[PDB]
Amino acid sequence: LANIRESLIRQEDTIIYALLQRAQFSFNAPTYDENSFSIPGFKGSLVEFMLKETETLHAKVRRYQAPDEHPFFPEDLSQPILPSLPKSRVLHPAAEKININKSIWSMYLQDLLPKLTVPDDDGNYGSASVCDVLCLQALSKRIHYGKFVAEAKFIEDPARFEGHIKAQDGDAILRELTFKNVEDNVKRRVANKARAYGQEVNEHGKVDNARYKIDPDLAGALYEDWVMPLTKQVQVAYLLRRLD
């Protein structure tokens, strides 16, 4: 695993696509302001509505039965309408329950999105909110996949971590974690993929003729700055609970 490296890459690619598509629209402030829209029968903003309704539909087809899928509205999980899949046994049962979506929500809306977009309003609230939901779900999956990354690192050499864990020494755990290949050189790699989206095979365009609005270097810096620290926090949180 290895088998995880390819998973991580797809998760990264999915985030890059989502950010790129969201960046096709402006900030569109009313999308996030419940006092700008009175959504009939619902208390909350348009993005909250779109996310809540999306999770309702996705829960019905068993999305959150998967070990890598975490709901932003866990207290509103809708009943599935498909036969249940076998429950995953890969992660440590005591450590697998981690859900930091509240942190991911505030990161996206407050730290990432305002830097990602032009602050004006182009009126495309519907499109923006749907892009937002895709961003949120893709960010959540990548960030929480730290549980699988950490489990892999642990299983390779448990004694490497077991002393730190018994001591609840989060700083030491962090220092024992290595971040290589996909976990490194993130800014440039993400920037390069954002630039390459929509290109023909081996087509190399100058910045002059970019067909999408997103700033590729900005996308890479935002991903490294705001996405990567949260996924390391998840790895540390997972290992702290790995002997629970």
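When you see a residue number, it is the position in the sequence shown, counting from 1.
Determine, for stretches 100-108 and 167-175, which one has the higher mean CA B-factor as deposited.
Higher of the two, by average CA B-factor, is 167-175.
Which of the two stretches, 86-94 or 119-127, shows the higher mean Cα temperature factor in the record?
Mean B over CA atoms: larger for 86-94.
At the C-alpha atoms, which of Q199, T31, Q65, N35 reaches the highest B-factor in this entry?
Max CA B-factor in the entry, restricted to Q199, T31, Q65, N35: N35.
Among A237, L8, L243, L1, single out the one with the highest C-alpha B factor in the record, please.
Answer for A237, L8, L243, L1: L1, with the highest C-alpha B-factor.
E55 - Cα temperature factor, lowest/middle/highest third of chain:
As the PDB entry reports it, the C-alpha B-factor of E55 lands in the lowest third of its chain.
Which third of the chain does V190 land in by C-alpha B-factor: lowest, middle or highest?
Its C-alpha B-factor belongs to the lowest third of this chain's values.
Just say lowest, middle or highest third for the CA B-factor of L46 relative to the other modelled residues in its chain.
Within its chain, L46 is a middle-third residue by C-alpha B-factor, going by the deposited values.
Could you say whether, by C-alpha temperature factor, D184 belongs to the lowest, middle or highest third of its chain?
Highest third of the chain for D184's C-alpha B-factor.
What third of its chain's C-alpha B-factors does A210 belong to: lowest, middle or highest?
Within its chain, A210 is a middle-third residue by C-alpha B-factor, going by the deposited values.
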